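Trainee: Following this message is one structure expressed as structure tokens.
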Amino acid sequence: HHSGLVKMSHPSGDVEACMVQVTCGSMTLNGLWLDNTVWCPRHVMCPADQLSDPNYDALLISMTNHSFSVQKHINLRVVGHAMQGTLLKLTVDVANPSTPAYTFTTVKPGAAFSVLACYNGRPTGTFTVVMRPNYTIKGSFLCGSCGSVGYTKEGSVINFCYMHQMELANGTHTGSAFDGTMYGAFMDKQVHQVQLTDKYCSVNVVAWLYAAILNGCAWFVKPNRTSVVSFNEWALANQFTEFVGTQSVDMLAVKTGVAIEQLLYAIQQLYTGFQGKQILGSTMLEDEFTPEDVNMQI
Amino acid sequence: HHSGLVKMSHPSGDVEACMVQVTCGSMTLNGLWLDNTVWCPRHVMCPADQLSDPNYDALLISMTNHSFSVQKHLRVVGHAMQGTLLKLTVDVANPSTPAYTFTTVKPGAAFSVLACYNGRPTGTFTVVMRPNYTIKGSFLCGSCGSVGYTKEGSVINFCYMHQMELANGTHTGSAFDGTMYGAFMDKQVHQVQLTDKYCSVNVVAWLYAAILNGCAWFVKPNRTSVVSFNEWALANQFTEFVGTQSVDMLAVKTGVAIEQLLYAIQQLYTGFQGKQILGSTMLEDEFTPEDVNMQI
Ligand SMILES: *[C@H](O)[C@H](C[C@@H]1CCNC1=O)NC(=O)[C@H](CC(C)C)NC(=O)O[C@H]1CC[C@H](C(C)C)CC1
């Protein structure tokens with residue numbers, strides 16, 4: 001039986017209307033236009049030759065307002081420039097007439113968000129990703145994608161949580177939150193940086209097993225249980241995040257009647273392999289669906 | 001090494017702007033608003049009581065324009081039936097009607113779906129039209145009228161309007177000429193689904209992605225021609241392989257020939273024998289040649 005559990009993004013129209021192109025000298029990439037502000041990664045200020053140890057404090061001082069061209073496709077007059085962590089905060093003289101209600105909230109590991117991939121300020125595609133416990137994401141990003149933004153939507157309010165900066169050697173990616181911090185504390189310098197060891201997102205694995213139960217596949221449920229604190233002590237030493245319950249997990253426990261503690265026991269038995277059986281078409285544990293995904297799609 | 005090969009959907013903004021809610025009596029679902037026309041599935045005419053064997057020609061005759069309510073989160077002054085779809089004329093024109101066309105997608109092709117409930121877009125995902133003319137995706141009650149589309153430039157090709165769920169949890173709908181994909185009937189009755197098959201051209205594209213990603217252990221100088229593969233495929237639950245410029249592009253990027261990989265499919269179909277290809281132990285057939293060219 002097809003569960004109907006798929007990678008789903010938010011409709012991207014609200015964010016498409018905010019995408020612009022920012023050019024500084026030779027460098028061009030994407031920016032996010034909210035009210036009278038345009039956000040973009042600050043390495044747009046860096047010339048290709050000096051990208052390996054940029055002095056950003058000095059580059060900013062050396063700029064005027066005319067050093068930045070901002071174009072909307074999907075010109076703007078830059079009337080201020082400032083720097084916030086790894087991002088530029090440009091002020092423009094026209095308020096984006098299609099600004100959505102929004103917030104800036106950093107996301108934590110295990111949370112999913114949508115990404116609108118853009119090239120020269122033109123949206124080209126959207127996909128969903130999960131912030132990993134080593135503060136990376138997968139997805140698809142090519143040359144020119146920097147400034148592509150990731151977001152969620154709760155109600156009318158968009159939460160902007162990601163602005164794309166870089167690719168790492170193992171092919172994964174990272175970027176900034178809109179408070180300017182880089183996720184994982186990576187530096188926006190063109191140098192090899194090795195990511196930390198990854199981990200399974202325990203709360204998402206729980207959601208996925210609940211999804212399996214809701215889809216009729218529950219051979220792996222036994223009466224046996226492992227408490228949250230006991231699972232988390234075992235988690236530190238076998239590459240799993242701490243489990244923290246939510247009202248969203250709790251809805252799934254109520255619907256199925258299978259308790260969290262039974263699925264934490266199940267996880268301890270399953271992470272080695274399924275000894276010949278499948279769960280939701282898979283033979284490994286899946287951890288990129290969230291409790292909220294499962295409540296919405298099943 | 002993460003390949004960068006992911007399920008990617010088209011930006012949905014153009015289509016979000018066309019979604020409306022359609023109500024008829026006590027039923028509601030989604031419709032697509034292009035110029036002065038609102039498209040929606042005809043079973044919006046059916047009382048829930050009578051979904052098993054509706055008489056669509058009698059239901060249409062019993063309606064008036066004032067039977068239908070259109071709300072855009074709109075006054076109907078016309079109504080006709082085309083195949084399994086309604087074509088409602090309303091008095092206001094959609095000003096944000098994108099340039100568009102109407103195409104019927106073939107098996108193996110990918111399109112984007114904008115899933116909507118009560119006229120409100122809620123999610124977007126990419127599906128592949130299976131060789132049995134079903135799709136996966138995520139569709140709950142109220143999702144009918146959700147539309148699938150591709151893009152060729154700024155032009156939107158509307159290819160799908162969601163209609164129903166089959167016994168096994170898969171889905172199907174109409175093309176915009178009013179035909180159901182796979183000739184399924186828009187009635188709430190058990191219907192026999194043909195067994196699925198492997199889309200060979202997509203399997204080839206996935207193997208090319210692997211080679212570009214530096215995973216080429218399966219690449220031998222052995223070759224199978226298209227016609228031997230096709231003969232083999234008929235008996236082994238695969239589709240006819242048809243070459244394309246998109247595929248040729250990948251054989252030129254990698255220096256590996258289509259026939260080398262056709263040979264490879266015949267071996268890997270038996271299993272990878274302890275090895276992996278892009279984190280998988282089974283062949284993957286839902287990434288197209290176009291996906292791979294564009295994403296790698
Ligand atoms: C329109 O919104 C709706 C969507 C389906 C509802 C649930 N999931 C959907 O995809 N379509 C219908 O309700 C459709 C109308 C008929 C006139 C064709 N009926 C339908 O899809 O019925 C099916 C529901 C599920 C069952 C399974 C055996 C469980 C089979 C019939």
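Labels used: A, B, ... for chains in the order of the structure tokens, numbers from 1 for residues in each chain, and numbers from 1 for ligands as shown.
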Give me, as a VMD selection string, the contact residues of chain A against chain B at a cut-off of 7 Å, counting only C-alpha atoms.
Mentor: chain A and resid 1 to 13 16 123 to 127 138 to 140 170 to 172 297
Trainee: Show me, as CSV, the residues of chain B having an atom within 9 Å of ligand 1, each with the closest atom pair and its distance in Å, using only C-alpha atoms and all ligand atoms.
Mentor:
```
residue,atom,partner,partner_atom_place_in_ligand_line,distance
B:28,CA,ligand 1,2 (O),8.4
B:29,CA,ligand 1,2 (O),6.2
B:30,CA,ligand 1,2 (O),8.2
B:41,CA,ligand 1,1 (C),8.4
B:42,CA,ligand 1,17 (C),8.5
B:43,CA,ligand 1,17 (C),5.4
B:44,CA,ligand 1,17 (C),8.5
B:46,CA,ligand 1,17 (C),7.7
B:48,CA,ligand 1,17 (C),8.9
B:50,CA,ligand 1,17 (C),8.8
B:51,CA,ligand 1,17 (C),5.2
B:52,CA,ligand 1,17 (C),6.9
B:53,CA,ligand 1,17 (C),8.2
B:54,CA,ligand 1,17 (C),7.7
B:117,CA,ligand 1,2 (O),8.4
B:138,CA,ligand 1,10 (O),7.8
B:139,CA,ligand 1,10 (O),4.6
B:140,CA,ligand 1,8 (N),4.2
B:141,CA,ligand 1,6 (C),4.0
B:142,CA,ligand 1,2 (O),3.9
B:143,CA,ligand 1,2 (O),4.2
B:144,CA,ligand 1,2 (O),3.5
B:145,CA,ligand 1,2 (O),7.1
B:146,CA,ligand 1,2 (O),8.5
B:162,CA,ligand 1,1 (C),7.2
B:163,CA,ligand 1,11 (N),5.1
B:164,CA,ligand 1,21 (O),3.5
B:165,CA,ligand 1,21 (O),4.1
B:166,CA,ligand 1,30 (C),5.0
B:167,CA,ligand 1,28 (C),3.8
B:168,CA,ligand 1,28 (C),7.1
B:169,CA,ligand 1,27 (C),7.0
B:170,CA,ligand 1,10 (O),8.0
B:171,CA,ligand 1,10 (O),6.2
B:172,CA,ligand 1,10 (O),8.2
B:185,CA,ligand 1,18 (C),7.0
B:186,CA,ligand 1,18 (C),4.0
B:187,CA,ligand 1,18 (C),3.8
B:188,CA,ligand 1,16 (C),4.4
B:189,CA,ligand 1,31 (C),6.4
B:190,CA,ligand 1,30 (C),6.8
B:191,CA,ligand 1,30 (C),9.0
```
Trainee: Could you tell me which of B:159, B:249, B:129, B:256 comes closest to residue 199 of chain B if we count only C-alpha atoms?
Mentor: B:129
Trainee: Tell me, as a PyMOL selection string, which residues lie within 7 Å of residue 21 of chain A, counting only C-alpha atoms; anything in the same chain fewer than 3 positions away does not count.
Mentor: chain A and resi 29-31+70-72+120-121
Trainee: List the neighbours of residue 24 of chain B out to 6 Å using only C-alpha atoms; skip same-chain residues closer than 6 positions along the sequence, and give me the result as a list in words.
Mentor: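 Neighbouring residues, sequence-local ones excluded: residues 45, 67 and 68 of chain B.
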Trainee: Smallest atom-to-atom distance to residue 195 of chain B: which of B:107, B:156, B:230, B:130, using only C-alpha atoms?
Mentor: B:130
